[PDB]
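Presented below, as structure tokens, is a lone chain in the form deposited in one PDB entry.
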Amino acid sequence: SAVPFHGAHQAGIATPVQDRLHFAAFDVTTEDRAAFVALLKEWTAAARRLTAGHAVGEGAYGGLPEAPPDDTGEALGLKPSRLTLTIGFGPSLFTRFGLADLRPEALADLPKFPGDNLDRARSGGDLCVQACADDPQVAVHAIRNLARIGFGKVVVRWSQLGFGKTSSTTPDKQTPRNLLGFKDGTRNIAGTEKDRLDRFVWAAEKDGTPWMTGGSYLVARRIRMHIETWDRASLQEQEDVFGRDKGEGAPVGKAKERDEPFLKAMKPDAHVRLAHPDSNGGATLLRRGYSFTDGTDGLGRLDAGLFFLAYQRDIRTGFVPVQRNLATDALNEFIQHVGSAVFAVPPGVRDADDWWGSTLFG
């Protein structure tokens, strides 16, 4: 029904994966640190209400007739829907408010990768809010109302809707398929794996940036699939690209989805072989991405793909080595990375008096 908002960690990372996403990047328009802090406090108060299924402020109706309602009202009658709201800070935020020396070293700028075709308008951003819920209207309402509360101090830079499974009809334990028709998420860090999260996802105090202890680092990549090209490939070609079969999702030479892969049986440039921790010095990621389908482009092709989200303890030892290793991935023929952003996701809101970013702003 609901996911607790308070914790040592922000929710929406290790908590169960909800069916829908609305991810928004924002740019900050104010130069006034005090004004920004005030906004973070107001947003935290709103997030507390939103995640409990309550309207922001004094509500969506029943206030002064001559005043705009505090909540825009489109989630009235809906359930909390496991809403989580996760905030992150982009590198560009640290050029404001005297913060330059508090940028974490683990918040690294990404290199240019072969085949990148990044749209600058759907890249970057000073901050992000990841809204995940089982009902997309609950997520959209959250973003719309945060944006409204922030008007005059922040603007929306770019926005992405996404979907995974539909939980009402699909068992929780079934791996979702991506839009290439392959199971996606078999070998991942699970939110149950507390030690793996400590090793590979959460920032530790000894890593170098005390304010980020209990936070994580997020890489977002908007990855278009060339759907119509992929659908013309043979079944063999598709399986060869991944190193798993399409029906069961077993590694080649194995029988079951969850059988551990034998990498040498896969083609050298198969995706799974290149991305596996054993191929990358042990580098391991929490993937928490969502499929997207935005419509059709000017050529009549499906604008669809994977809005890839990865959480890690350090960008330099998580996404960067793994993505570097995908330079020769057979999958590259059928995908293009068209948007990118990185964010430092701070620690959790500890209790009712705490607020997003309090460890940074003080």
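Numbers for residues come from their place in the sequence shown, where the first is 1. Shifts are known only where both forms have a C-alpha. If you superpose the two forms and keep the largest set of C-alpha atoms that fall within 1.5 Å, you have the rigid core.
The protein also exists as the form deposited in another entry; that form is not presented, and the subsequent description refers to it.
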Worksheet entry | Flagged residue of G164, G150, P261, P104 - C-alpha shift reaching 2 Å or more between this form and the one not shown, core superposed | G164
Worksheet item: Do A275 and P171 move together or apart in the other form, judged by C-alpha distance changing 3 Å or more?
Response: closer
Response to the item:
Assert for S167-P80 (C-alpha, 3 Å or more) in the other form vs reference form: pair farther
Discussion item. With a 2 Å cutoff on C-alpha displacement after fitting the rigid core, which stretches of 3 or more consecutive residues move between this form and the one not shown?
Written reply: 163 to 172
